């Protein structure tokens, strides 16, 4: 590509609410699309200090940053410069459900992301509202085509303070803004990690690494 470069920038804004309570976060970041790595600094702009586990937001904060091998069609890199959007549900085992959308465009060497996030029905004594989450385990996303667009599923898990896990099922639809070649069924393994943060998570540094496989 002369559109996808080895080093790219990111600018993002999330507006949302969790159990009815509104917030907004802005981010700037740097990524390496062919290496499948990115890093971003995130700042709470409205609705802080956030009254819920930051971990529920991190996978909403772009599969253009995934190392695709030569033998798997890369839906995401193909979609540029026009870009793509996604829509996602996240169904937690204790009944909390989050919906989110992202619209991703490209300006020069900077992806621009506009995210909406809405979470409801998190129990007041659950790990989200009590901030008892530690980190996401390594995740495997499974991607398949349906109705001319790309769909994906994952069975993800947060490790909890004091041990044990909290499970969440992610279901996503990715929609390219132009006709692109559609991929065969494949996987993406992801690792996401909050590298640093201040006391109430008003400032967070987040890293992600992703690699595709079909082997």
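Positions refer to the first chain, counted from 1.
Missing coordinates between residue 61 and residue 62 amount to 1 to 3 residues of the deposited sequence. Mean C-alpha B-factor is higher over 1-9 than over the other stretch, the pair under comparison being 204-212 and 1-9.
Residue-level temperature factors show residue 194 in the middle third of its chain, judged at the C-alpha atom.
Residue 55: CA B factor lies in the lowest third for its chain, per the PDB record. Sort the chain's modelled residues by C-alpha temperature factor and residue 167 lands in the middle third, per the entry.
When all modelled residues of the chain are sorted by CA temperature factor, residue 102 is found within the lowest third. The entry lists a Cα temperature factor for residue 95 that places it in the highest third of the chain's modelled residues.
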